[PDB]
There are 2 protein chains.
Amino acid sequence: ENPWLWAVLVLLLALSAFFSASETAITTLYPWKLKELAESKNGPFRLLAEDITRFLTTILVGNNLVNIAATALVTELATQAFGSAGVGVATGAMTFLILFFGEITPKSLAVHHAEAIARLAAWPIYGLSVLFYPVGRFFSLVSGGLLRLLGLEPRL
Amino acid sequence: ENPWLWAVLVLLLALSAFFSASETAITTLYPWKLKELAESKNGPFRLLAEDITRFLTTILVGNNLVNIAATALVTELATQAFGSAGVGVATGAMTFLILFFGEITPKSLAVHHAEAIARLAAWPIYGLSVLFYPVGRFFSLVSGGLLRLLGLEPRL
Ligand SMILES: [Mg+2]
Ligand SMILES: [Mg+2]
Ligand SMILES: [Zn+2]
Ligand SMILES: [Zn+2]
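Thresholds applied
Residues numbered from 1 in each chain as written, not as in the entry; some residues may be left out. Chains lettered and ligands numbered in written order. Heavy atoms only, no water. Residues with missing side-chain atoms left out of burial classes, pairs and counts. Donors = N, O, S within 2.8 Å, 3.2 Å for Na, K, Ca; no water. Helix = DSSP H or I, 4+ residues; strand = E, 2+ residues; numbered from the N terminus. Buried < 20%, exposed > 50% of the residue type's maximum accessible area, 1.4 Å probe, protein only. Axes fitted to C-alpha atoms, helices over the stretch in contact; angles between N-to-C directions. Parallel < 35°, antiparallel > 145°, perpendicular 65-115°, else oblique. Left-handed = near helix turned anticlockwise from the far one by under 90°. Contact = heavy atoms within 4.5 Å. Nonpolar A, V, L, I, M, F, W, Y, C, P; charged D, E, K, R; others polar. Least-squares fit on C-alpha atoms.

The deposited coordinates derive from X-ray crystallography, with the record listing a resolution of 3.20 Å.

You'll find chain A entered in the PDB entry as Hemolysin, with Thermus parvatiensis given as the organism. This deposition appears in the PDB under the title "Structure of the transmembrane domain of the bacterial CNNM/CorC family Mg2+ transporter in complex with Mg2+".

Each donor-metal-donor angle in an ideal tetrahedron of four donors is 109.5 degrees, and each such angle in an ideal octahedron of six donors is either 90 or 180 degrees. Residues and elements named next belong to chain A. Distances from the zinc ion (ligand 3) to its protein donors, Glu36 (OE), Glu36 (OE) and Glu39 (OE), fall at 1.9 to 2.7 Å. Placement of both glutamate 36 and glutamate 39 in helix 2 (residues 32-39) is noted, with a separation of three residues, approximately one turn of the helix. Assessed through its relative accessible area of 44%, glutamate 36 is described here as partly exposed.

This next bit is on the packing of helix 4 (residues 52-82) of chain A against helix 5 (residues 85-111) of chain B. Here helix 4 of chain A crosses helix 5 of chain B at 135°, and the two axes come no closer than 9 Å. One element, helix 4 of chain A, and the other, helix 5 of chain B, form an angle in the oblique class. In the crossing of helix 4 of chain A with helix 5 of chain B, the sense of the turn from one axis to the other is right-handed. Contact residues: A:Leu60, A:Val61, A:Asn64, A:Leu65, A:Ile68, A:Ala69, A:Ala72, A:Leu73 and A:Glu76 in helix 4 of chain A; B:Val87, B:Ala90, B:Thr91, B:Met94, B:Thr95, B:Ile98, B:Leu99, B:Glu103 and B:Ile104 in helix 5 of chain B. Taken together, the residues of the contact of helix 4 of chain A with helix 5 of chain B sort by class into 13 nonpolar, three polar and two charged.

On to the relation of the copies chain B and chain A, then. For the pair of chain copies, the relating operation is a rotation around an axis with a shift along it. For the pair chain B and chain A, the superposition axis carries a translation of 0.0 Å, the fit reaches an RMSD of 0.0 Å, and the rotation angle comes to 180°. Both copies of the chain, as the preceding transformation shows, are related through a two-fold rotation axis. Distance from the rotation axis, computed per C-alpha, reaches its smallest value in chain B at B:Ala72: 2.9 Å. Counting the interface residues of chain B, we find that 100% of their copies in chain A are interface residues as well, pointing to one common contact surface.

Pasting the structure below:
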């Protein structure tokens, strides 16, 4: 159990909180108060209002990525220490940690500070969007492709 | 690599889809069309409309649980086969699988079939709620407790 590897794990759960908090802060501000902060400057709120799907998508991708990442880390420690019971341990320990620290706490926190979080997250997320939004947008276009071939969605 | 252990993994990703689909189908129906299906009978729609937080909470808990669970499984195979590179492999492989099969496909699917999914999921989720909703509701009350002690939320 190296020291960095706990720090990495904490960085990751922080990132999950960052993503779940920013998701909440963006959507509670949307649309009216987002538009109102957008016509005033400056300046992240204009970027959030104008392309909001770009933002929520990156988040979905960034939130699952670091959630899965962090779980996969912890499982490697759980299984190196405890064998096949580590899967049990890690599922429990992580289900607690993503829920409480990467979801329920940040989301709770965001509704009380939507403007400051949104302002602080929009550029970092906009950066991670250079790569994540095409990935997410690709996934979805194939997803809905796969669906319509399968007749589970109106033909086109 | 046992055969059951792939089946378990698939069951889990199905469950994640079940949860992300039901989450979408419930909230796109809410509130007006949910109320309209609720005053007509019978009968899950009445249960969904009346205590909706009970439902979305179980889902949040059930979706993270099986997401983390399935990732922790796959990591154990990734690391038994590939050593410390398995964490890399599993994060990649799973981030693809939860996103595409446990999220982007089901959510896409649900908006086109909200009434049938909602009707079919409300009792199963209501069952899983006997246990998950107190857990989630506990998490949150401590969460907001922890927040107010820390002065990040209006005192009380
Ligand atoms: Mg999160
Ligand atoms: Mg899911
Ligand atoms: Zn104005
Ligand atoms: Zn009516």
